[PDB]
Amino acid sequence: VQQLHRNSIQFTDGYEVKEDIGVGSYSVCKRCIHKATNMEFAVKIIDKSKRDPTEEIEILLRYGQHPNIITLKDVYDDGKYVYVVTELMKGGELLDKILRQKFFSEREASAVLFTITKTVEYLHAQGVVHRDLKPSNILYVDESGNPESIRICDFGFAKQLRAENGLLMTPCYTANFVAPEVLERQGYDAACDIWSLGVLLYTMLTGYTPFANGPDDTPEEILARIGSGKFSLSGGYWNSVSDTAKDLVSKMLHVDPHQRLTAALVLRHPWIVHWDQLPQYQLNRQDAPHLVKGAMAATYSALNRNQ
């Protein structure tokens, strides 16, 4: 792999390291400054002895050109750590910014889901599944609040479909070859990416998550809700929401992964297609962004205990 950058020169040579902006067990995101131009960037630093970042980086190299995918700017490998330099996101988490907008509308929500689902329809069509589309991994690059500034930002769990050979495959070229039940697994992962977008949508419309009330909810109870197939689309915050939007929600959160909408079908839904008939007036939402952040972290911690 030309992703063998161990031979060139120094990250610390060309950038000034600033503060952490995110932390995990085998990687860290810090903010940084390109010494020569004084321009700001983010840099995920990845421990090579703990994880192999090759698939993330390749995916970023091939698809980072997408207007709604985080854009890779540089990358180093001093041997022990890979330094992945990107554009720095100045708009914060998308869902959080939206929840703190008292007058957010259905029309806005549809444009947001369009932009995001368009992006995942493209990834899926190129054989990529994200596997971890939580709302905290979707950010705004600036504070304009335009859909154009949405970025999906972490591909640390993303998977590119391959044949046994180790050769890259698109869902379209299904001739080979390396297709043993791996078929169904990719098919299920893309369905989980859609589910995650259903969760995002639910929460945008009403200001709460469908399967968790706060960070204190036990993982067992969240899983029971998730597996019950049942969730409320009535009353309170749901009264003021169109029936077209509730319909789309039911189909993106459909408990049956085989009945769950595809990205392609999501974009053919009237709530996405006839945006121009969607109301621009206020939605009636709960106002508890921090509680939601907790419930969201709870929902994914409960799902990701194994993975």
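Counting begins at 1, following the sequence as shown. Take the two forms, superpose them, and find the largest set of C-alpha atoms that agree within 1.5 Å; that set is the rigid core.
Of 27 to 35 and 65 to 73, the stretch whose C-alpha atoms sit farther from the shown form in 4 other deposited structures of this protein, after fitting on the rigid core, is 27 to 35. Larger root-mean-square CA separation from the shown form, computed after a rigid core fit of the structures in 4 other deposited structures of this protein, is seen for 175 to 183 when 175 to 183 is set against 107 to 115. For the two regions 186 to 194 and 112 to 120, the entry's Cα B-factors average higher over 186 to 194. Higher mean CA temperature factor, per the PDB entry, when comparing 100 to 108 with 166 to 174: 166 to 174.
Sorting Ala179, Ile150, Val85, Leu200 by the CA temperature factor given in the entry leaves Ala179 at the top. Ranking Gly207, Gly214, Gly79, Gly92 by the C-alpha B-factor listed in the PDB entry places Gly79 at the top. In the deposited entry, the Cα temperature factor of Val17 places it in the highest third of its chain's modelled residues. Split the chain's modelled residues into thirds by C-alpha temperature factor. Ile9 is in the highest one.
Among the modelled residues of the chain, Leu248 sits in the middle third by CA temperature factor in this PDB entry. Ranked against the other modelled residues of its chain, the C-alpha B-factor of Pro53 as given in the entry falls in the highest third.
Ranked by Cα temperature factor within the chain, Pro257 sits in the highest third according to the deposited record.
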